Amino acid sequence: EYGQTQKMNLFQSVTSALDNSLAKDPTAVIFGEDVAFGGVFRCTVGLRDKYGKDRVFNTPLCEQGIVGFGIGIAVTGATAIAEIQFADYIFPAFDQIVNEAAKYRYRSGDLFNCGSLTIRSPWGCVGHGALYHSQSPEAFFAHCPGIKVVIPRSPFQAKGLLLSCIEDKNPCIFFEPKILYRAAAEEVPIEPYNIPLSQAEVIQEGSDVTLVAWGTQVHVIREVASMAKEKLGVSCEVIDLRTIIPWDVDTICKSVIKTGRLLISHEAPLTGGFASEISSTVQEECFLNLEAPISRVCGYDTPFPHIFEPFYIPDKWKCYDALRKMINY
């Protein structure tokens, strides 16, 4: 399909995407905190030695600076691949992302843009990350027209989606699920390939219920589908959303028209979470097909706790229980 592959974990797939980018795009640079020695999650190992200190370099410890600086590089047309060390620390840059990067093209009438900016950042829970190593900030960004927000579920998916973000002519935030960085490897093409943005993937066809998630939570719902089949004889259609905005409304609505039931799950808190946008849209488009209320199985509306993590996360049992109730509605 895509030429020679090798087994890669998710951090290795990110390095491969970045390597491929720097090799084919002489403008491209990578920068942020501690990227020069390879990064705190090893995603940039070897790249400075290979491409040069002017192309893979450390910034001062200042997130608002990192994003501002990246926007300026992109204004000149050069590819700017910024790192924010944990997604929890993206908030100092919120003004540069929301007021500047997202609005740059619109407000100038397309005289200027920062389309060649990508911001990548580790994301999601990790077992013990507590309040500031665990967050899933995608719903904060979903309300900002002019940026794209993309989240992969695996090494193969990560490299193809990240290459798409780097090449896309719009500022992109790419969230890397950190609990997958050294999880199982899979085969990943060594050469560049792209997976389209704003396109969901039906990874398992089903007839009774649609399940939607992204990131690590795709694996949870995949297991929920298995539990529902074995324990309930229920056939689940499992969808990875992949791009948060602009999202693939059509694929989700087509699925729900077929199944008549939808359960959306994410690690982020329930209130104002992105499940609310999917639920409200699907209700609008698929109203007459809905056999049961759309269910959202999300993190609680609290900060992300340390010792309590096993009780906080929308795990397979929480998803399964909600599904059982929805099937019985």
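Numbers for residues come from their place in the sequence shown, where the first is 1.
* To do: Mind pulling up the entry and telling me whether 227 to 235 or 190 to 198 has the higher mean Cα temperature factor?
  => Higher mean C-alpha B-factor in the PDB entry: 227 to 235.
* 177 to 185 set against 213 to 221, stretch whose average Cα temperature factor tops the other in the entry -> Per the PDB record, 177 to 185.
* To do: Kindly indicate the residue among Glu267, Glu284, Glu33, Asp301 with the greatest C-alpha B-factor in the PDB record.
  => Largest recorded C-alpha B-factor: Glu284.
* Asked: Per the entry, which of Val249, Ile147, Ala87, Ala93 tops the list for Cα B factor?
  -> Of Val249, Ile147, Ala87, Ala93, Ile147 has the highest C-alpha B-factor.
* Asked: How does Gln157 rank on Cα B-factor within its chain, lowest, middle or highest third?
  -> For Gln157, whose C-alpha B-factor we compare with every modelled residue in the chain, the answer is the lowest third.
* To do: Report the third (lowest, middle or highest) to which the CA temperature factor of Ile313 belongs, ranking only the modelled residues of the same chain.
  => It belongs to the highest third of the chain when residues are ordered by C-alpha B-factor.
* Asked: What third of its chain's C-alpha B-factors does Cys114 belong to: lowest, middle or highest?
  -> Answer is middle: the recorded C-alpha B-factor places it there.
* Which third of the chain does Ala80 land in by C-alpha B-factor: lowest, middle or highest? -> Answer is middle: the recorded C-alpha B-factor places it there.
* To do: Ordered by C-alpha B-factor within the chain, which third holds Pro171? Give me lowest, middle or highest, please.
  => Its C-alpha B-factor, which the entry lists for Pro171, ranks in the middle third among residues of this chain.
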